[PDB]
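Q: Structure incoming, see below.
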Amino acid sequence: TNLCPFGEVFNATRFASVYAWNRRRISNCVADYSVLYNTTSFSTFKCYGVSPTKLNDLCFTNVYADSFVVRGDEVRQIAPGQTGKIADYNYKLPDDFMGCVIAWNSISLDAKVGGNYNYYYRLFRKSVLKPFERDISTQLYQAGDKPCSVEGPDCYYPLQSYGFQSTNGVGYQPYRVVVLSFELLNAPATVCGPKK
Amino acid sequence: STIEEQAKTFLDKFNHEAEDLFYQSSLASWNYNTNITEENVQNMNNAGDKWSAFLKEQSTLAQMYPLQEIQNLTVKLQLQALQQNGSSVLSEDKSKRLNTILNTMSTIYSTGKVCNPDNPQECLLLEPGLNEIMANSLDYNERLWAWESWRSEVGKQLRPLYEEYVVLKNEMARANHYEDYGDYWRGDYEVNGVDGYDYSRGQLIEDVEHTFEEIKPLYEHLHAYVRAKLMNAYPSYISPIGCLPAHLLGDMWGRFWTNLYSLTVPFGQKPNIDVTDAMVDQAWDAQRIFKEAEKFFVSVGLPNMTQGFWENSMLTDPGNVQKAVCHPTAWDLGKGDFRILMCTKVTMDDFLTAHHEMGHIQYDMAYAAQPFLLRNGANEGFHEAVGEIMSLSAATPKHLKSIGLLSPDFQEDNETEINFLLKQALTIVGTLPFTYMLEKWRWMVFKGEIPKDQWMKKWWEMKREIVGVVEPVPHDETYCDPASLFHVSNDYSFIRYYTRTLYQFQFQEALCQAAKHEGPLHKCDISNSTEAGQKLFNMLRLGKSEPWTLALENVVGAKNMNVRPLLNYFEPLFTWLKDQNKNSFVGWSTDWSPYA
Ligand SMILES: *[C@@H]1O[C@H](CO)[C@@H](O)[C@H](O)[C@H]1NC(C)=O
Ligand SMILES: *[C@@H]1O[C@H](CO)[C@@H](O)[C@H](O)[C@H]1NC(C)=O
Ligand SMILES: *[C@@H]1O[C@H](CO)[C@@H](O)[C@H](O)[C@H]1NC(C)=O
Ligand SMILES: *[C@@H]1O[C@H](CO)[C@@H](O)[C@H](O)[C@H]1NC(C)=O
Ligand SMILES: *[C@@H]1O[C@H](CO)[C@@H](O)[C@H](O)[C@H]1NC(C)=O
Ligand SMILES: *[C@@H]1O[C@H](CO)[C@@H](O)[C@H](O)[C@H]1NC(C)=O
Ligand SMILES: [Zn+2]
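Laid out in structure tokens, this is it:
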């Protein structure tokens, strides 16, 4: 029962944007959640539905870990039953969420000088995102009643670019977000705790 | 779908896509004002042009959406501002020369040196020098030379630039549904959406006069008291019936009479309310001034300054190595980035302005939640008033004693309050006629009621009558003395400072109700009162979204500017000034001049 590779997804060199978050399956390994508690750089470590202290004592058949980078004050949208631009168009958590939401500051990495416009997010979408949905569409957004073949007065490119700069305030500073969900099925405990 | 929703999803595309542009203009604009280079003037202008291009392209796209269909009023304001044709109504012939003139008049003001008539290689510049001379010197000739040389060597060269500045600006406002450029500024205070809370462009000009009339009796007894105490400092130089020489006033223009406190303090032997001397002896560095200002807002519940403030603000002079625009400025760059640029010296006049400029930041930080186009003060006066509410509270001896700048055994008295009130009146009461006259001169110039050959005649015809200040030396029409101030060379609406003052005591009275206060309107340090801070926080968070008449009413209870709180604040001085002018003349003769 080799240790679960939680370092790969957290300490990753590059984190994806929000409109295309990165999901990594975690299974066939005993998960050490106690190493996650120790890390003090996590500005917003808040598990929802399960206490972190009893995570090591419980086992799950699957562990999904989602990684992406949002704005500083948009971290609150990565939470159960929240509403906004990110939660409704980029990454929606289930209202019955049983898992964790972890985020820390990524100025040293995601932000530079000039403008780090590398990161993007979805500004417009016809429907609200159903929970655990990802929309990669680059197709335009027809706000008006005129057909859209080019970005014009009422045709908008759905994705826009975060402007991450080291001079930005905490609200407009890049934050990397890792969301650990859980999934119990009729299957053996592929993710367990050190005791078992 | 509806056209209002079609316009909501247009502003949403605008707001998110606009900030990084405005900020980019800002960062470059900050990098010039804090670092004067020919490399950075280009960088600042390029981002300004790209920001302007984004305005033009997203203003034309805003015209397609009609306002009359939109019902959500907060949406209507944002569309209304974005649909406004600004300098776009000016052709490439006009907009270039207008911008070229505006930059040239700013640079002449920025690079304004005066050479000593003996040793011409010695040049004094208005910011470092030529302001200490016009605020500390008691030599009538030295003041006369600093005041006349600045308004002739620098002022005259702005006369041709100001003349074409007026006509090219007037062509902009008249094209964009106004009467003159003065109305463009006066439109700041207009509300035409909510019955009862509505306002008009002219209602300001009538309210200002109607409220300035009730200031005139207070100003006269301040003028008379200062005149009699300036007659001792400058014997055989001031007429006891006549007006006041301009250069003998507190600053370069007579805008503030604060420095005259040394010559006009009623009771010198009482401990000095001007704690400038106290700070220097206590090694109050510039950081402490803003740190102590920061603790004041923290005490009322308002947030700490952001970490980007202390890291990225400029609070001192960077030195001779790199130049800087050291006119005090508060910057809402956006992106959560709040900075203050100021050449803070260890003086009370900089300690109070640190509270004033941080008041802008606290206003800027609060309405950051508002959409970008609504990220602004309720009017022009509201932004300036908010910072003054703090310096109004921070200047009280009780607050000064609380911060270690006054004796721990300092006991209040009848005499000390007069010393404190008079110093406040020199800054506040003394500037109201100066502001009212200056704008009324500009307003009538923009309306054209003052012809080009009667410009300087009418500038001092009113300065003698309205402000009681006289020209030490006769001035041709070749002079352009109005432009010698910053807010006229750099084209800023100046009536914001008259309206600011009537607001600031209106606010303070209500904030001194939310803080359970015993005594008069002074001695009213709202420090440590969270109720006073949060009552203001509600007003600050609104910004431009709710009408300023409503925003003021929710705070103080009046839909308009009220001069009564200002007079009640100064009533212990107004009664004391009259009793100090029994054997003195109150008023001023317009006809006397120090050269006749
Ligand atoms: C990231 O790496 C450091 C050392 O390189 C390690 O101590 C830390 O636990 C890692 N973080 C995670 C979440 O594994
Ligand atoms: C001022 O600007 C110049 C170029 O415009 C730059 O080389 C210099 O480093 C700047 N000064 C400081 C102190 O950053
Ligand atoms: C106008 O639309 C905004 C959209 O965010 C909404 O918050 C606001 O309540 C609306 N105004 C009214 C009066 O419904
Ligand atoms: C702006 O100018 C256009 C023509 O370029 C005009 O149709 C429109 O009415 C103007 N908008 C305003 C608010 O004056
Ligand atoms: C304000 O800043 C000081 C300085 O570090 C800090 O100790 C204090 O906790 C802060 N308080 C608030 C309310 O931000
Ligand atoms: C505010 O409270 C602090 C905390 O004790 C105190 O030191 C300070 O003197 C108070 N401020 C005033 C103006 O009394
Ligand atoms: Zn100000």
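Protein sequences, first through last, are from chains A and B.
Using our numbering, the first residue of the first sequence is number -8, and each one after it goes up by one.
Using our numbering, the first residue of the second sequence is number 5, and each one after it goes up by one.
Quick reminder that beta carbons are idealized off the backbone N, C-alpha and C, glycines included.
#1: Starting from the beta carbon of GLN151 (chain A), find every residue of chain B whose beta carbon is closer than 9 Å, and list them in chain order.
#2: Helix or strand or just coil, what does DSSP make of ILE93 (chain A)?
#3: Measuring only the C-alpha atoms, how far is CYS146 (chain A) from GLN508 (chain B)?
#4: Would you say the beta carbon of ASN308 (chain B) comes nearer than 7 Å to a heavy atom of ligand 6?
#5: Quick check: is any heavy atom of ligand 2 less than 7 Å from the C-beta of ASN81 (chain A)?
#6: Entirely within the stretch 493 to 564 of chain B and at least 4 residues each: give me those alpha helix (DSSP H) ranges in chain order.
#7: Indicate whether at least one CB of chain A lies closer than 8 Å to the CB of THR310 (chain B).
#8: Entirely within the stretch 108 to 181 of chain A and at least 3 residues each: give me those beta strand (DSSP E) ranges in chain order.
#9: Restricting to Cα atoms, I'd like to know which of B:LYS117, B:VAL477, B:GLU167 is closest to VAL158 (chain B).
#10: Using a beta-carbon distance below 8 Å, is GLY547 (chain B) in contact with chain A?
#11: Counting only C-beta atoms, is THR333 (chain B) closer than 8 Å to chain A at any point?
#12: List the endpoints of the continuous beta strand (DSSP E) containing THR41 (chain B).
#13: Under the rule that 16 or more other beta-carbon atoms within 10 Å means buried, what is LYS137 (chain A), buried or exposed?
#14: Can you give the Cα-Cα distance for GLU453 (chain B) and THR351 (chain B), rounded to whole angstroms?
#15: What does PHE342 (chain B) pair with, by DSSP beta-bridge criteria?
#16: Helix, strand or coil for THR104 (chain B) per DSSP?
#17: Quick one: which residues of the stretch 156 to 177 of chain A get their C-beta closer than 8 Å to a C-beta of chain B? List them in chain order.
#18: Report whether the distance from the Cβ of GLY385 (chain B) to the nearest heavy atom of ligand 7 is below 7 Å.
#19: Could you say which of B:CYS528, B:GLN584, B:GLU8 lies nearest to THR400 (chain B) if we only look at CA atoms?
#20: Can you give me the Cβ contacts of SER140 (chain A) inside the same chain, cut-off strictly under 6 Å, excluding the 5 residues immediately before and after it?
#21: Quick check on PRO138 (chain A) - is its C-beta less than 8 Å from some C-beta in chain B?
#22: Could you tell me whether any non-hydrogen atom of ligand 4 is closer than 7 Å to the CB of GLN87 (chain B)?
#23: Going by beta carbon distance, what residues of the same chain come within less than 6 Å of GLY246 (chain B), once the five residues before and after it are set aside?
#24: If contact means a Cβ-Cβ distance below 8 Å, which residues of the stretch 113 to 130 of chain A contact chain B?
#25: State the start and end residues of the unbroken alpha helix (DSSP H) segment that holds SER58 (chain A).
#26: Alpha carbon to alpha carbon, how far is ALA518 (chain B) from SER397 (chain B)? Give it in angstroms, no decimals.
#27: Could you say if the stretch 116 to 123 of chain A and the stretch 78 to 85 of chain A meet the contact criterion of at least three C-beta pairs nearer than 8 Å?
#28: If we call anything under 8 Å between Cβ atoms a contact, is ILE530 (chain B) one with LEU515 (chain B)?
#29: Would you please state the rounded distance, in angstroms, between the beta carbons of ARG504 (chain B) and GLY385 (chain B)? I believe it to be under 8 Å.
#30: When you compare each of A:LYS186, A:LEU176, A:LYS187, A:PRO185 to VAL54 (chain A) by their alpha carbons, which one comes out closest?
#31: Could you tell me if the beta carbon of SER99 (chain B) falls within a distance shorter than 7 Å of some heavy atom in ligand 6?
#32: Where does the unbroken beta strand (DSSP E) through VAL118 (chain B) begin, and where does it stop?
#33: Tell me the rounded alpha-carbon separation between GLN326 (chain B) and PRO132 (chain B).
#34: With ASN316 (chain B) and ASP341 (chain B) assumed to form a contact (beta carbons below 8 Å), what rounded beta-carbon distance in angstroms separates them?
#35: Heavy atom of ligand 1 less than 7 Å from the Cβ of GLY(-2) (chain A), yes or no?
#36: How is the alpha helix (DSSP H) around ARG16 (chain A) delimited, first residue to last?
A: Taking the structure as given:
#1: Identification of chain B residues near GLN151 (chain A) by a Cβ-Cβ cut-off of 9 Å yields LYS17, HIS20, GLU21, ordered along the chain.
#2: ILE93 (chain A): strand per DSSP, three-state reduction.
#3: Taking the straight line from one Cα to the other gives about 46 Å.
#4: Flag unset: Cβ of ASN308 (chain B) not near ligand 6.
#5: It does not: the Cβ of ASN81 (chain A) is nowhere closer than 7 Å to a heavy atom of ligand 2.
#6: Counting only runs of 4 or more, we get 499 to 518, 534 to 546, 552 to 560.
#7: Answer yes: the Cβ-Cβ gap between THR310 (chain B) and chain A drops below 8 Å somewhere.
#8: Correct list: 111 to 113, 150 to 152, 166 to 174.
#9: Among B:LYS117, B:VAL477, B:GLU167, the Cα nearest to that of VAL158 (chain B) belongs to B:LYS117.
#10: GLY547 (chain B) does not count as touching chain A.
#11: Contact of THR333 (chain B) with chain A is not assigned, every C-beta pair being separated by 8 Å or more.
#12: DSSP places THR41 (chain B) in no beta strand (DSSP E); its state is neither H nor E.
#13: Flag for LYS137 (chain A) reads exposed.
#14: Taking the straight line joining both Cα atoms gives about 42 Å.
#15: Looking at the DSSP assignment, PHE342 (chain B) forms a beta bridge with B:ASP336.
#16: Residue state, collapsed to three classes: helix.
#17: For the stretch 156 to 177 of chain A, the residues whose beta carbon sits under 8 Å from a beta carbon of chain B are, in order, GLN156, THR158, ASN159, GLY160, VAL161, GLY162, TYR163, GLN164.
#18: For ligand 7, not one heavy atom lies less than 7 Å from the Cβ of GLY385 (chain B).
#19: Comparing alpha-carbon positions, the option among B:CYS528, B:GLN584, B:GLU8 lying closest to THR400 (chain B) turns out to be B:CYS528.
#20: Closer than 6 Å at Cβ, skipping near neighbours: no residue.
#21: Not an interface residue.
#22: Indeed, a heavy atom of ligand 4 lies less than 7 Å from the Cβ.
#23: Sequence-distant Cβ neighbours of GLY246 (chain B) in its own chain, meaning closer than 6 Å and more than five residues away, are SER593, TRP596.
#24: Under the 8 Å Cβ criterion, the stretch 113 to 130 of chain A contributes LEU114, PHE115.
#25: Taken as a continuous stretch (DSSP letters only), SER58 (chain A) belongs to no alpha helix (DSSP H), being part of the beta strand (DSSP E) at 53 to 61.
#26: So the alpha carbons of these two residues sit roughly 14 Å apart.
#27: Yes, they touch.
#28: Their beta carbons are under 8 Å apart, which means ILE530 (chain B) touches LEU515 (chain B) by this criterion.
#29: Contact flag correct, Cβ pair sits at about 4 Å.
#30: Ranked by Cα distance from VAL54 (chain A), the first of A:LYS186, A:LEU176, A:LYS187, A:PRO185 is A:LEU176.
#31: If you check the C-beta of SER99 (chain B) against ligand 6, you find no heavy atom less than 7 Å away.
#32: Where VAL118 (chain B) is concerned, the enclosing beta strand (DSSP E) stretches over 117 to 119.
#33: Distance between the alpha carbons of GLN326 (chain B) and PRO132 (chain B): 14 Å.
#34: That belief holds up - the Cβ atoms of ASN316 (chain B) and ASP341 (chain B) are roughly 7 Å apart, short of 8 Å.
#35: Indeed, a heavy atom of ligand 1 lies less than 7 Å from the Cβ.
#36: First-last for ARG16 (chain A): 13 to 17, but that is the beta strand (DSSP E), not the alpha helix (DSSP H).
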